[PDB]
Structure formats: structure tokens, C-alpha cells
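The structure under discussion appears below in the form of C-alpha cells.
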Amino acid sequence: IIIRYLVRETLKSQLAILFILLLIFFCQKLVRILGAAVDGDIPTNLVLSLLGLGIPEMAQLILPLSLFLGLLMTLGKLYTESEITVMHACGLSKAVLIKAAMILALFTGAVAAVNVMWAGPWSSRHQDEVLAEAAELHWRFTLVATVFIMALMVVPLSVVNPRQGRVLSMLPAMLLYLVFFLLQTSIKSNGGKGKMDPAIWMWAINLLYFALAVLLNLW
Amino acid sequence: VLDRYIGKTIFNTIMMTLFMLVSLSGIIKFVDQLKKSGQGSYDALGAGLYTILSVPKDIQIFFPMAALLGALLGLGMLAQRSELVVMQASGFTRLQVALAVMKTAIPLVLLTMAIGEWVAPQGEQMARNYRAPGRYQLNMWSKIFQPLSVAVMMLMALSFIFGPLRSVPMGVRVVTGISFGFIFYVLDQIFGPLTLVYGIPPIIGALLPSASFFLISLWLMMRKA
Amino acid sequence: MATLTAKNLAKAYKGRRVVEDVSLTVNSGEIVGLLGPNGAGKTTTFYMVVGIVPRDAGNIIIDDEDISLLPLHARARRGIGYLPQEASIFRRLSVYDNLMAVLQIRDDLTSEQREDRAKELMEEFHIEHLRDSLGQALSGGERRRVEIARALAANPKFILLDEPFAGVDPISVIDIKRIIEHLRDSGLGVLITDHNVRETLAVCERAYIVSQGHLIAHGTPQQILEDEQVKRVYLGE
Amino acid sequence: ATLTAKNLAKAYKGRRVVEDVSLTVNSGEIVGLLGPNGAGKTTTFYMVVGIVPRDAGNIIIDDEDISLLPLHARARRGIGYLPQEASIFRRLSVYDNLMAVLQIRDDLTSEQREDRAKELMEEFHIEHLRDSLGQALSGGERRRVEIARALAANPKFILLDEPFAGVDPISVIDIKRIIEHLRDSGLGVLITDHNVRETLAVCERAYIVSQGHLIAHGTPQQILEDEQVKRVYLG
Ligand SMILES: CCCCCCCCCCCCCC(=O)O[C@H](CCCCCCCCCCC)CC(=O)O[C@@H]1[C@@H](NC(=O)C[C@@H](CCCCCCCCCCC)OC(=O)CCCCCCCCCCC)[C@H](OC[C@H]2O[C@H](OP(=O)(O)O)[C@H](NC(=O)C[C@H](O)CCCCCCCCCCC)[C@@H](OC(=O)C[C@H](O)CCCCCCCCCCC)[C@@H]2O)O[C@H](CO[C@]2(C(=O)O)C[C@@H](O[C@]3(C(=O)O)C[C@@H](O)[C@@H](O)[C@@H]([C@H](O)CO)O3)[C@@H](O[C@H]3O[C@H]([C@@H](O)CO)[C@@H](OP(=O)(O)O)[C@H](O[C@H]4O[C@H]([C@@H](O)CO[C@H]5O[C@H]([C@@H](O)CO)[C@@H](O)[C@H](O)[C@@H]5O)[C@@H](OP(=O)(O)O)[C@H](O)[C@@H]4O)[C@@H]3O)[C@@H]([C@H](O)CO)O2)[C@H]1OP(=O)(O)O
């Protein structure tokens with residue numbers, strides 16, 4: 001199928017953005033680590049380990065954003081080549097973009113689940129000791145549901161703007177993505193560690209985007 | 001006149017880019033204040049904290065990172081509309097464009113140093129009062145080298161707009177500005193604190209790798225001539 | 001046999017009347033150009049015949065069935081084939097994969113004939129030697145053999161070519177006309193919107209010229225040159 | 001006044017996209033650089049202008065070497081290049097736009113420079129656009145500002161990069177008329193347009209380049225007598 005090609009191009013592109021986003025998030029986590037290194041006088045022996053121990057922490061933020069940035073760049077470049085506009089002109093439907101995303105978002109989601117189901121707790125427990133000594137679930141669960149939403153959300157946000165701007169198409173998709181993430185990050189504030197849970201607005205905002213994702217996709 | 005037009009293009013792009021990026025910096029950290037809200041007030045953080053919250057983020061961080069992204073998006077926006085090539089094909093010297101854009105950094109370092117000596121430490125220190133050596137030395141000398149960094153970020157844009165422009169799409173230049181403008185970021189908060197780790201003396205090194213962009217802008221200026 | 005009938009088509013961008021009532025009809029075995037000053041009526045009226053840019057007013061009828069509302073999700077599925085001016089060829093895919101890719105979306109074909117037709121379609125335009133040749137490895141001269149061959153692999157009527165003469169090499173102009181003859185010989189309408197005037201009329205039996213947002217001309221190229229309204233605004237001798 | 005080239009050749013990364021091409025244009029002699037696209041037609045043209053640096057050839061105006069010289073140094077002497085894109089100085093008015101370029105000519109005094117600006121504004125019938133922002137101008141208007149701007153630097157030879165790019169054939173008379181004024185003055189045109197059927201009707205002689213090396217040199221009348229284009233280009 002062409003869908004297999006759509007994924008193979010995206011996966012070859014997401015796997016490149018993933019390295020690029022890993023480096024970008026490496027520096028941010030290294031800056032925070034280095035800042036804590038000079039503030040708390042944390043020894044240099046394990047600063048590298050902490051960088052390699054916060055990877056699941058960054059993974060929650062990049063794995064959706066690596067697929068999304070991959071989807072935006074791939075669909076950006078495919079539309080910049082005027083390939084998508086023929087992909088619909090040849091009898092395929094916009095569902096092909098969606099089904100291509102989902103059949104590749106199930107992968108990223110499954111990996112996102114692994115960074116949520118196992119690597120998350122795995123990261124923190126190793127992060128607690130680092131040989132130095134010598135609720136969340138509503139945010140935890142919405143991370144997987146983010147991938148399916150954004151893969152559904154990116155496919156309408158990249159094919160109407162590139163008529164005039166190569167990167168100006170990404171901005172509304174990125175800003176609408178950013179308004180999702182910070183608001184989702186903002187809401188996961190009240191009732192954190194422990195059994196106390198945040199009020200019912202985190203999934204209310206998250207479900208809002210899914211409705212907003214379907215709303216502009218059906219055109 | 002042709003240099004003055006370069007000034008508005010390059011300077012207006014730098015100023016607008018700085019403003020949009022500063023809005024992003026504000027609300028991304030504003031929601032951080034919403035996270036810390038409940039001490040007494042968040043609407044007050046919206047009004048009183050926000051104004052003195054915005055100005056500091058420019059000088060130590062978002063000004064030079066948006067300075068490169070200002071010209072490399074702007075001075076490449078002229079080459080995006082083939083303005084630069086006609087500007088050069090009319091005989092405006094290639095060494096005069098660098099004498100044009102960098103001459104518009106003199107009004108831009110004053111809008112940085114004076115916004116980094118009278119309101120960046122006066123406002124930010126006032127901003128945290130609204131929420132009621134190994135470290136300083138490195139930073140302080142670096143903050144004196146702040147005019148040189150925006151003059152080099154602006155000098156990096158000249159090489160990136162006269163070297164690797166290769167009829168690129170504006171988008172590519174943006175991510176070049178996003179990336180080297182982020183490389184300049186990581187090289188300002190990783191290499192700067194690493195200075196004490198490797199024992200690089202301030203009297204000789206410190207934030208010079210951040211200003212070693214010059215040596216990254218000097219192998220990007222004669223490489224193809 | 002089949003007819004692509006576009007009538008009453010009009011749309012205003014930002015409120016400015018880009019195109020007014022245009023009545024253009026093309027049947028199978030007819031090649032109609034969509035020409036005129038750039039920006040006047042072309043690149044906006046033509047696309048709405050295809051369906052890319054949404055239509056504000058008008059009605060499109062093919063096979064005695066209206067398609068004006070439906071985008072390429074169903075407009076391309078029924079009877080409309082669009083080929084863009086740029087490199088729509090699937091860059092990161094092979095020719096025996098991209099041909100079938102749009103050949104296998106249409107459910108109205110047995111899989112045994114599905115694999116067969118791609119072999120029969122690939123040989124039609126002399127692409128047999130370019131079998132699994134990966135895309136992006138083809139010149140602009142062959143970019144079209146596969147680009148048209150792909151857009152032909154949907155059983156589409158009235159194949160609307162969008163500026164076929166973009167990479168204008170006057171030996172490519174001769175080649176492109178030849179493959180368009182096959183599309184006309186394929187019992188399909190053709191709708192061209194090429195920039196240049198002097199070469200499209202050499203292959204078009206009819207030509208709907210739209211200027212000032214209002215369709216102005218239609219019919220034989222010989223009929224076109226004797227009309228004053230088109231000549232004083234498009235050619236001027 | 002001449003703009004001659006000697007055995008020009010260049011490879012982007014070793015492909016030899018141009019092989020021993022020589023172009024000679026004398027003042028008042030409109031010349032066209034026609035042939036297959038991407039085959040060397042643009043690269044040879046862009047090598048003359050200065051966008052693509054010279055590799056193994058040599059370009060000469062009269063006796064002065066301009067091979068190593070970049071575009072502007074070549075431009076400051078006698079070269080005026082017109083890009084395919086707009087380059088209308090969107091955020092600058094036409095009065096300022098011409099006077100901005102006129103400042104490059106250092107030998108011209110400011111008092112006489114203003115008269116030169118007015119001379120060109122009334123020469124291309126764009127004088128009423130002195131107050132216009134210049135952000136948006138018609139295809140007839142847009143090119144006239146660019147040509148006035150290029151003509152303001154007072155070059156010896158002006159090179160149009162596809163002046164007939166995406167233009168309606170009724171304005172081809174206007175674009176050619178702009179070219180006609182350039183040849184009316186002591187200027188040397190160099191058109192690089194792909195529409196060979198429209199460019200060739202203006203040029204005295206043309207150099208048509210293919211697959212790296214120029215194959216046809218002379219008047220378009222002589223080109224039709226050349227068997228390469230009559231058998232491999234037309235048929
Ligand atoms: C185009 C392609 C796209 C590219 C890719 C995109 C890139 C994205 C990059 C992101 C990477 C990182 C990801 C991330 O970042 O991820 C998360 C981010 C998510 C989104 C990211 C991804 C985006 C979407 C995807 C992308 C889509 C496009 C955030 C995070 O992570 O969330 C939080 C984080 N936010 C961010 O980071 C924002 C994020 C924002 C990200 C922005 C992304 C922008 C992308 C733009 C895209 C453009 C297109 C649209 O990133 C930053 O900005 C960093 C800079 C990034 C820039 C990178 C470059 C970008 C380039 C882009 C182009 C290439 C925040 O602090 C970070 C700030 O730092 C600097 O400011 P400052 O300098 O500090 O001011 C920065 N300044 C800067 O950087 C500098 C500049 O400004 C910026 C420069 C940037 C570059 C500039 C140039 C750029 C290039 C330009 C080129 C063009 C700020 O910048 C800002 O402001 C924001 C800034 O303007 C904006 C950024 C600018 C970006 C601009 C980009 C422009 C690009 C344009 C072109 C593209 C920044 O916000 O807080 C936490 C960390 O702090 C922690 C830690 O964990 O380390 C926790 C602390 O607790 C705090 C807290 O701070 O929260 C503080 C406390 O005082 C208190 O207040 C407490 C509560 O409030 C109380 O009520 O909270 C404390 O812990 C412990 O400390 C003590 C311990 O030691 C013991 O003693 C204890 O006691 P105590 O001593 O008392 O404290 C504590 O216990 C307290 O609490 C207990 C209870 O609560 C119990 O609860 C328990 O459990 C809880 C857990 O369950 C929770 O989970 C926890 O609470 C605890 O565990 C707790 O124990 C009490 O117990 P009880 O008593 O009650 O019982 C107890 O008594 C006590 O009270 C606790 O235990 C301590 C440490 O642990 C000590 O050990 O520090 C984080 O939580 P966490 O990390 O998750 O944990």
C-alpha cells in the first residue's frame with residue numbers, strides 16, 4: 001500500500017527528528033543538570049548518568065512531539081513537493097493520512113507506553129540513589145492519548161498553509177500543539193504526589209482537543 | 001538610503017522576533033507562575049510580575065538567541081525576495097552589507113547593554129521581590145561580553161546569509177537560526193558553567209567559546225571564495 | 001461519451017471577486033485549455049474544476065452526477081484526475097510500487113488484474129525499463145511519464161493537467177503533447193492550464209480562456225485569434 | 001565595450017555542468033542564453049553574473065580580469081543583474097529605491113543624483129510611484145522599477161534572468177520594450193529566459209548551451225540552419 005510508504009517516509013523522518021529532539025532536550029536537561037551541578041555542587045562522576053536517566057522524563061515530551069514534528073515535516077515536505085495534493089487527486093482520501101499516522105502512532109504510543117508503563121518508574125528509582133547516598137496517572141495516561149490526538153491533529157494543520165510559507169505552516173500546528181501541552185502541563189498541578197487526583201479538567205481539555213482534532217479534519 | 005532600509009529590515013526583524021519570542025518566554029514561564037500560584041495572587045503575577053518578568057529574559061538569554069534569528073530570518077528574507085542579490089548586483093559592497101547590518105547592531109547593543117545594566121538586574125531583582133565567585137564571576141564577565149555576543153550573533157547571520165544560503169527555503173534558515181541560535185544557547189549555559197569544571201581561567205577563557213562563534217563565523221565567510 | 005461540465009463557477013477571495021460565472025464543458029476525446037492572463041481566472045477557476053481550492057458558487061456535473069461539493073476524496077474517486085505542475089511523483093517510492101499505490105486504492109478492480117494493469121500501464125508509456133526504478137532517480141522528462149501514468153491509474157475521466165509545460169524544454173513540449181494524445185486516445189477529456197499560449201493551442205482542440213475573472217473565449221484556436229476581446233488582453237498579435 | 005568569457009566551466013560537486021562555453025556580447029547587441037534548462041544555461045549565465053563563482057574559465061569586460069571578483073565588484077564596474085524573483089524593495093518607496101541604488105555610484109553628486117533619479121522615473125513611466133510604498137506593483141510596474149534600479153547603477157552590460165518568466169504574452173511587448181530601451185542606450189543585454197520562442201525574436205545573436213557545452217552561437221536565423229536544434233530540439 002501507499003500507507004506503508006507514508007509511514008516508512010515518516011518513520012525515517014521521525015527517527016531523525018527523534019535524534020534531533022533528543023539533542024535539543026539533552027541540552028535543556030544538561031543545562032538544568034549543569035545548573036544544579038554548580039548550585040548543589042553535584043559531583044561530575046554521575047552528571048552523565050542523570051542525563052541518561054532523565055531520558056524517560058524527556059521521552060514523555062518528545063515521543064508525541066517526535067511523531068508530530070515528524071508528521072509535520074514529512075507532510076510538510078510531501079506537500080511542499082505537491083505530492084499529497086496529488087495523493088488526494090488520485091482517489092485516496094484524507095483518511096490515508098490518518099490511517100498512516102495511526103498505524104505509526106500505535107508504534108510511538110506503544111513506545112510512549114513503555115516510557116510510561118515501565119521506563120517512567122524505572123527512571124525515577126534509579127534517579128533516586130545514583131550511588132549518591134554513600135494524581136500523576138491522569139497526566140501519565142493522557143500522554144498515550146496525546147499521541148493519537150496529535151497524529152489526528154497534525155494531518156489537517158499542514159496542507160492549507162504551505163501555499164505561501166514553508167515553515168509558517170508549522171507555526172499554527174506547533175502553537176496549537178504548544179497550547180495543548182502547557183495547558184495539559186499546567187493542569188497537572190493541584191493534587192500531585194500521593195493518591196489525591198486533579199479535578200476533572202485535564203482530560204476535559206485533552207478531550208476538547210480531540211473534538212477540535214475531528215472538527216477540522218472532517219472538512 | 002539603501003543602508004537605512006537594511007537597518008529597518010534587519011533591525012525591525014530583530015525587534016519583532018525578540019518581542020514574539022519574549023511573549024513566548026513570558027507565557028511559557030507565566031504558566032510556571034500559575035503553577036506556583038496560591039501563595040497569595042496569580043492575577044498580580046499577570047500584571048505586576050509579568051512586566052518585570054519579561055525584560056530580563058532578553059539580555060542573558062533570549063536577546064542573542066533571537067538576534068541571530070532576527071537577521072538570519074530577516075537578512076535572509078531579503079534574499080528570499082531576491083532583494084539581497086539585487087542589492088549586491090547593484091554594487092552595494094558585500095563588505096558594506098556587513099558594514100550595514102553590524103552598524104545597526106550599535107543601536108542594538110545599546111538597546112541590550114542599557115537594558116542589561118539599568119532594567120535587567122533592577123527589574124528581575126524587583127520581580128522576585130514581588131513573590132514574597134565560582135558562579136557570579138563567570139556570569140558577570142559574560143554579561144559584560146553580552147554586547148559582543150549579539151554583535152557576533154549578528155556577525156554569524158552575515159556569514160550564514162552570504163555563505164550557506166544556497167537559495168534555501170526561508171524555513172531552512174529559520175531552523176538554522178533555531179538551531180545555531182539554540183547551539184549558542186547550549187554553549188552559553190553548558191560551556192559557561194563547565195569553565196570551572198575544566199579549570200578554564202576567566203582571565204583567558206570563560207564564555208569565549210560562546211564568542212568563538214566568531215571562529216565559527218570566520219570559517220563560514222571565506223570558505224567559498 | 002463522458003462529459004465534465006462546469007457551469008456558474010465563481011468565488012471571491014477576501015471579498016474580492018476572483019472569478020465570476022464561468023461555463024466550461026469538456027467531453028471525452030476533447031482537449032480544452034484553461035488560459036488567460038495569470039491570476040485573472042486561471043489557477044483559481046481551474047482548481048475548483050478539480051476541487052483543490054473550494055468553490056464558493058457554481059455546479060460541476062460529470063456522468064450526469066454532481067460532484068461540485070465533494071473534494072478529491074470523492075471527486076478524484078469518481079471521474080476527475082489532476083496532475084500538479086511540480087514533482088507530484090512519490091519521491092521516496094519505487095515505480096512498481098507508486099503506480100500500484102494509487103492503482104490499488106480503487107476497490108473496483110480484481111487484485112489479479114490490479115497487479116496486471118500496472119504491468120500493462122507501465123509498458124504503455126514506455127516505463128518498463130523503469131520498473132522498480134526508485135523515484136527521485138528520474139529526470140523531469142520522465143517525471144511526467146510516471147506522474148501521468150500514476151494519475152491515469154485511477155480510471156479517471158477528464159485528466160486535468162496543471163501547467164504541463166513548467167520545465168519548458170521545446171523537446172519536452174513535443175514529448176508531453178505525444179502522451180497527452182494517448183490520454184485523448186484513452187477516451188478521456190483533457191484540461192490544460194499551461195502558462196504559454198503559443199504551444200498549448202497547438203495541442204488543444206478547444207480552449208476556454210478566462211480573463212478579468214470572467215471567461216472570455218472558447219473553441220478552436222483559429223476561432224481564438226480572430227476574436228478581438230481575447231487578443232487585446234492576452235496576445236496582442 | 002564587451003562582456004566576453006573564456007572557456008568557462010564549473011562543477012557543483014564534480015558533475016561538469018558546464019564545459020568550455022564562451023559567450024561574447026558587445027554593447028547594443030542583445031544576446032540570449034537559450035537551450036535545455038539545468039543543463040548549463042543558467043549556471044553559465046549565473047557564472048557570468050557572479051552568483052556562481054568561476055572555476056576554470058575567465059570573464060573579461062575590456063581587458064580587466066573579473067574572474068575572482070564577486071558579483072558586486074563585477075557589478076560596480078559594468079554588470080547589472082535582474083533576478084527572476086520580484087526584488088522590488090517591498091518596504092521602500094520607488095523614489096527611495098532608485099536613490100538608494102544611485103548612492104552606490106560615488107562619482108555622481110547628490111544634487112545631480114536627484115536629477116538622475118527623476119530622469120529614470122520619467123524614463124520608465126514610474127515617476128508617479130515616488131510616494132508608492134513599493135510593496136505591491138503590477139507585473140508591468142514591478143519590472144520597470146527593477147530595471148530602473150538596475151539602470152541606476154549605470155552598468156555597461158545588463159543581464160536579465162528570465163524577464164519573460166510567468167508573464168502574459170501581451171506584456172511581452174512591454175518587457176521587450178524595456179529591453180528595447182536598454183539596447184537603445186549603450187548597454188549590453190543578456191536574457192536567459194526559457195521561452196525560446198519569445199526571447200529569440202529580440203536578440204541579435206544568441207548562445208544556446210546544452211548538456212554542459214554551448215552548441216549554437218549566432219543569430220536565431222543561423223540557429224535554424226544548425227542541425228543540432230533542427231534535429232534534437234525541434235525534430
Ligand atoms: C521546533 C521543534 C521543537 C524543539 C523541541 C522543543 C524544546 C522543548 C525544550 C524542553 C526541554 C525540557 C523539558 C521540560 O522542561 O519539561 C517540562 C516542559 C514541558 C513542555 C516542554 C516540551 C514542549 C512541548 C514539545 C515541543 C512542542 C513544540 C517542564 C517541567 O519539567 O516542569 C517544571 C519546570 N518548568 C520548565 O522547565 C519549563 C520548560 C518550558 C519548555 C518550553 C518549550 C518551548 C518550545 C518552543 C516551541 C516553539 C513552537 C511553539 O522548560 C524550560 O524553560 C527549560 C528551557 C527549555 C528551552 C530549551 C531550548 C528551546 C529551543 C527550541 C528550539 C531548538 C519548573 O522549573 C524550571 C524553571 O527553571 C528556570 O527558572 P529559574 O531560573 O528557576 O527561575 C528556567 N529558566 C531558564 O531556563 C532560563 C530562561 O528563562 C530560558 C532560556 C531558554 C533558552 C533561550 C533561547 C532558546 C533558543 C531560541 C532560538 C530561537 C525556567 O524557564 C522558564 O521559566 C520558562 C522560559 O521562560 C520559557 C522557555 C523558553 C523557550 C523558548 C523556545 C523558543 C523556540 C522558538 C523557535 C522554535 C524553568 O521554568 O519546575 C520543575 C523543575 O524544578 C525542580 C526540578 O525537578 O528540577 C523541582 C523543584 O520544585 C519546584 C518547581 O520548580 O516545580 C520549586 C520549589 O521551590 C517549589 O516551588 C515546588 C512546588 O511549586 C511547591 O509548591 O516546585 C525542586 O524540587 C524539589 O526541591 C527541594 C528538594 O531539593 C528537597 O529539599 C524541595 O524543597 P524546596 O527546597 O522547598 O524547593 C521541593 O519540594 C517542594 O514541594 C514539596 C511538595 O510539592 C511535594 O511534591 C513532591 O513531588 C512533586 C512531583 O510529583 C512533581 O512531578 C514535585 O513537586 C517534587 O518532586 C516534590 O518533592 C513540598 O513538600 P511538603 O512540605 O508540601 O510536604 C516541599 O516542602 C517543597 O515545597 C522539591 O522536592 C528543584 C530540584 O528538584 C531541587 O532538587 O527543581 C519542573 O518539573 P519537573 O522537572 O517535571 O519536576
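Just remember, in the C-alpha cells the first chain shown is A, the second B, etc., residues are 1-based per chain, and ligands are 1-based in the order shown.
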
Selection within 6 Å of ligand 1 by only C-alpha atoms and all ligand atoms, output as a PyMOL selection string: (chain A and resi 21+24-25+28-29+61+65+174-175+178+181+192-193) or (chain B and resi 25-26+28-29+32+36+57+61-62+65-66+69+178-179+181-182+185)

Residue contacts of segment 35-39 of chain C (6 Å, only C-alpha atoms) excluding same-chain residues fewer than 6 positions away, as a PDB file with N, CA and C atoms, in the first residue's frame:
ATOM      1  N   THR C 193      -3.844  23.900 -18.326  1.00  0.00           N
ATOM      2  CA  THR C 193      -3.768  25.271 -17.839  1.00  0.00           C
ATOM      3  C   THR C 193      -2.340  25.789 -17.924  1.00  0.00           C
ATOM      4  N   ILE C 209     -10.563  30.402 -22.397  1.00  0.00           N
ATOM      5  CA  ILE C 209      -9.683  31.455 -21.909  1.00  0.00           C
ATOM      6  C   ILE C 209     -10.478  32.339 -20.965  1.00  0.00           C
ATOM      7  N   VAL C 210      -9.953  32.544 -19.762  1.00  0.00           N
ATOM      8  CA  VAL C 210     -10.625  33.342 -18.746  1.00  0.00           C
ATOM      9  C   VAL C 210      -9.721  34.511 -18.381  1.00  0.00           C
ATOM     10  N   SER C 211     -10.246  35.725 -18.517  1.00  0.00           N
ATOM     11  CA  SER C 211      -9.514  36.941 -18.200  1.00  0.00           C
ATOM     12  C   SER C 211     -10.420  37.896 -17.438  1.00  0.00           C
TER      13      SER C 211
ATOM     14  N   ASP D 168       2.077  37.241 -19.080  1.00  0.00           N
ATOM     15  CA  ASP D 168       1.133  37.112 -20.176  1.00  0.00           C
ATOM     16  C   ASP D 168       1.763  37.635 -21.464  1.00  0.00           C
TER      17      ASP D 168
END

According to DSSP computed on the backbone, where in segment 2-227 of chain D is there helix (DSSP H, G or I)? Give the residues as a ChimeraX atom specification. /D:41-49,71-77,94-102,110-123,127-129,139-152,172-184,196-199,220-225,227

For residue 234 of chain C, work out the shell of residues within 12 Å, counting only C-alpha atoms and skipping chain neighbours fewer than 5 positions away, then give it as a PDB file with C-alpha atoms, in the first residue's frame.
ATOM      1  CA  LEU C  35      -5.629  30.022 -20.486  1.00  0.00           C
ATOM      2  CA  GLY C  36      -5.532  33.767 -19.972  1.00  0.00           C
ATOM      3  CA  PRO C  37      -3.542  36.376 -18.063  1.00  0.00           C
ATOM      4  CA  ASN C  38      -2.041  34.906 -14.915  1.00  0.00           C
ATOM      5  CA  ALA C  40      -7.172  36.702 -13.670  1.00  0.00           C
ATOM      6  CA  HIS C 195       1.347  29.322 -18.889  1.00  0.00           C
ATOM      7  CA  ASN C 196       2.395  29.792 -22.510  1.00  0.00           C
ATOM      8  CA  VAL C 197      -0.257  30.383 -25.146  1.00  0.00           C
ATOM      9  CA  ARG C 198       1.513  29.567 -28.416  1.00  0.00           C
ATOM     10  CA  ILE C 209      -9.683  31.455 -21.909  1.00  0.00           C
ATOM     11  CA  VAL C 210     -10.625  33.342 -18.746  1.00  0.00           C
ATOM     12  CA  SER C 211      -9.514  36.941 -18.200  1.00  0.00           C
ATOM     13  CA  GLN C 212     -10.535  39.665 -15.738  1.00  0.00           C
ATOM     14  CA  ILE C 216     -13.859  35.263 -22.417  1.00  0.00           C
ATOM     15  CA  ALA C 217     -13.052  32.681 -25.104  1.00  0.00           C
ATOM     16  CA  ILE C 224      -9.475  32.388 -30.828  1.00  0.00           C
ATOM     17  CA  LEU C 225      -7.091  34.543 -32.866  1.00  0.00           C
ATOM     18  CA  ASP C 227     -11.590  37.450 -31.525  1.00  0.00           C
ATOM     19  CA  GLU C 228     -10.667  40.995 -30.518  1.00  0.00           C
ATOM     20  CA  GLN C 229     -11.517  40.775 -26.809  1.00  0.00           C
TER      21      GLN C 229
ATOM     22  CA  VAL D 167       4.176  36.849 -17.948  1.00  0.00           C
ATOM     23  CA  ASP D 168       1.133  37.112 -20.176  1.00  0.00           C
ATOM     24  CA  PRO D 169       2.122  37.433 -23.865  1.00  0.00           C
ATOM     25  CA  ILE D 170       0.512  40.875 -24.107  1.00  0.00           C
ATOM     26  CA  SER D 171       3.076  42.204 -21.615  1.00  0.00           C
ATOM     27  CA  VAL D 172       5.901  40.565 -23.586  1.00  0.00           C
ATOM     28  CA  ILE D 173       5.722  43.702 -25.719  1.00  0.00           C
TER      29      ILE D 173
END

How many Å lie between atom CA of residue 111 of chain C and atom CA of residue 5 of chain A, rounded to one decimal?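 If I compute the distance from atom CA of residue 111 of chain C to atom CA of residue 5 of chain A, I get 19.4 Å.
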
Need the shell around residue 22 of chain A: protein/DNA/RNA residues with any atom at most 10 Å away, counting only C-alpha atoms. Skip same-chain ones fewer than 4 positions apart. Format as a list in words? residues 16, 17, 18, 26, 27, 28, 55, 58, 59, 62, 63 and 66 of chain A

Please list as a list in words every residue within 9 Å of residue 156 of chain A, counting only C-alpha atoms and excluding residues in the same chain fewer than 6 positions away.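 Close residues of residue 156 of chain A: residues 94, 173, 213, 216, 217, 218 and 219 of chain A.
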
Given only C-alpha atoms as the counted atoms, nearest of C:67, C:152, C:173, C:215 to chain D: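 For chain D, the nearest of the candidates is C:173.
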
Neighbouring residues of segment 118-132 of chain D were defined as those with any atom within 7 Å, considering only C-alpha atoms; residues of the same chain fewer than 4 positions away were excluded. Please report them as a VMD selection string. chain D and resid 93 to 95 114 144 148

Dump as a short mmCIF file (atom, residue, chain, number, x, y, z; two decimals), in the first residue's frame, selection limited to N, CA and C atoms:
data_model
loop_
_atom_site.label_atom_id
_atom_site.label_comp_id
_atom_site.auth_asym_id
_atom_site.auth_seq_id
_atom_site.Cartn_x
_atom_site.Cartn_y
_atom_site.Cartn_z
N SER D 93 10.04 52.98 -0.90
CA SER D 93 9.36 53.64 -2.00
C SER D 93 10.25 53.69 -3.23
N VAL D 94 9.61 53.85 -4.39
CA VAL D 94 10.35 53.88 -5.65
C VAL D 94 11.32 55.06 -5.68
N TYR D 95 10.88 56.21 -5.17
CA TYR D 95 11.86 57.33 -5.12
C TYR D 95 13.06 56.85 -4.30
N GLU D 114 19.79 63.44 -7.77
CA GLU D 114 18.31 63.58 -7.67
C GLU D 114 17.76 63.74 -9.09
N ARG D 144 9.52 47.42 -14.21
CA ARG D 144 10.03 48.74 -14.57
C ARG D 144 10.80 49.37 -13.41
N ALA D 148 14.75 50.17 -13.77
CA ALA D 148 15.22 51.50 -13.38
C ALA D 148 16.28 51.40 -12.29
#

Please tabulate, as a Markdown table, the residues of chain B that come within 8 Å of chain D, each with its closest pair of atoms and the distance in Å to one decimal, counting only C-alpha atoms and ordering rows by chain, then residue number upward.
| residue | atom | partner | partner_atom | distance |
| --- | --- | --- | --- | --- |
| B:1 | CA | D:100 | CA | 4.7 |
| B:2 | CA | D:100 | CA | 4.4 |
| B:3 | CA | D:100 | CA | 7.9 |
| B:5 | CA | D:92 | CA | 6.9 |
| B:9 | CA | D:91 | CA | 8.0 |
| B:81 | CA | D:87 | CA | 5.7 |
| B:82 | CA | D:87 | CA | 5.1 |
| B:83 | CA | D:87 | CA | 4.6 |
| B:85 | CA | D:83 | CA | 7.4 |
| B:86 | CA | D:87 | CA | 6.6 |
| B:87 | CA | D:101 | CA | 7.9 |
| B:88 | CA | D:72 | CA | 5.1 |
| B:89 | CA | D:72 | CA | 5.4 |
| B:90 | CA | D:153 | CA | 5.9 |
| B:91 | CA | D:72 | CA | 4.3 |
| B:92 | CA | D:104 | CA | 6.1 |
| B:93 | CA | D:72 | CA | 5.9 |
| B:94 | CA | D:72 | CA | 6.9 |
| B:225 | CA | D:53 | CA | 7.8 |

Show me, as a PyMOL selection string, the residues that have an atom within 7 Å of residue 191 of chain D when counting only C-alpha atoms, minus same-chain residues fewer than 4 positions from it. chain D and resi 31-33+159-162

Which parts of segment 89-186 of chain D does DSSP call strand (DSSP E) when run on the backbone here, written out as a list in words? residues 157, 158, 159 and 160 of chain D

Store the residues of this selection in a file with N, CA and C atoms, as a PDB file, in the first residue's frame.
ATOM      1  N   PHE D 157      26.902  46.319 -19.117  1.00  0.00           N
ATOM      2  CA  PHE D 157      26.127  45.204 -19.641  1.00  0.00           C
ATOM      3  C   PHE D 157      25.142  44.750 -18.579  1.00  0.00           C
ATOM      4  N   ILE D 158      23.876  44.619 -18.962  1.00  0.00           N
ATOM      5  CA  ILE D 158      22.805  44.246 -18.047  1.00  0.00           C
ATOM      6  C   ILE D 158      22.296  42.867 -18.435  1.00  0.00           C
ATOM      7  N   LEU D 159      22.152  41.991 -17.446  1.00  0.00           N
ATOM      8  CA  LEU D 159      21.796  40.596 -17.676  1.00  0.00           C
ATOM      9  C   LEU D 159      20.431  40.328 -17.058  1.00  0.00           C
ATOM     10  N   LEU D 160      19.433  40.105 -17.908  1.00  0.00           N
ATOM     11  CA  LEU D 160      18.086  39.793 -17.451  1.00  0.00           C
ATOM     12  C   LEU D 160      17.971  38.292 -17.229  1.00  0.00           C
TER      13      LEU D 160
END
